[PDB]
């Protein structure tokens, strides 16, 4: 398979769960300054085989994601799936939020966005009634199209972590790598050139944040990125293993550039054709390599009966200092005027 996979033994999973539960006892919140600082060191106490996997798999050249299977989740303890991300920090989900951050700490520095889900670091992916046909994570009936997370931003995550709290109907996350076996060298050349526009996605809009947050200055920066996007490349780095920056619904060619458009058009077709499925069953965690792969989510019919699919999510950078220009008073919540 095109991702790297690790299955916790029941004992290893229990030990990891126990560690997260201890953290949940000792800290007030996952996004508090204290746990943000301590989590990377506390993570050193996770099962050694898992730490070895995370240290090695991160350095392999090929995988689109690192997938860890077998974290126990008790639906009775977890409670009902929240109706909105706003109210999704439920006591039942609290230990698993801590668990996700512990795993994340092995791969890098976690962070959030001032303009997304009220500046939370641990965020939620769940269907919101009335928002089935939107372009955001809370959609359902409309497929979430493939994308690089926060493609518009130079400070976008290196890895995106997704922990499945529940997924009773096995709804697939989608993935695709760079279609290197089919991109001709001229098209490739053009994709490496700064000839494309990527605008911020709808999750960064004021309407998709709580009314209280609407005043934030960081929404100014989002508006600038939407109104006056600077041309950037889709592919960067090594021609034989390029890094990818694209969003199927928020990318465009530079104005009037038909050669760039043709390259983007070809890329779309090749990515659509090579898109594959990864089902995150309850307790599965994936860390998607946001430079090697784009990802999305298959269309599904939401339940709204309290047992909808529900993920916890977190952004990870290999280097927090790369985004210091966007440190919005805090280094862990990013945005700009």
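Positions refer to the first chain, counted from 1.
When the two stretches 94-102 and 225-233 are set side by side, the higher mean Cα temperature factor goes to 225-233.
For the pair 194-202 and 139-147, the mean B factor over Cα atoms is greater in 194-202. Set against one another, the Cα B-factors of 266, 164, 209, 81 in the record reach their highest point at 209.
As recorded in the entry, 254 carries the highest CA temperature factor of 254, 121, 107, 244. When the modelled residues of the chain are ordered by their C-alpha B factor, residue 132 lands in the middle third.
Compared with the other modelled residues of the chain, the Cα B-factor recorded for residue 49 ranks in the middle third. Sort the chain's modelled residues by C-alpha temperature factor and residue 297 lands in the lowest third, per the entry. For residue 153, the recorded CA B-factor ranks within the middle third of the chain. Only modelled residues enter the ranking. The PDB entry assigns residue 290 a C-alpha temperature factor belonging to the lowest third of its chain's modelled residues.
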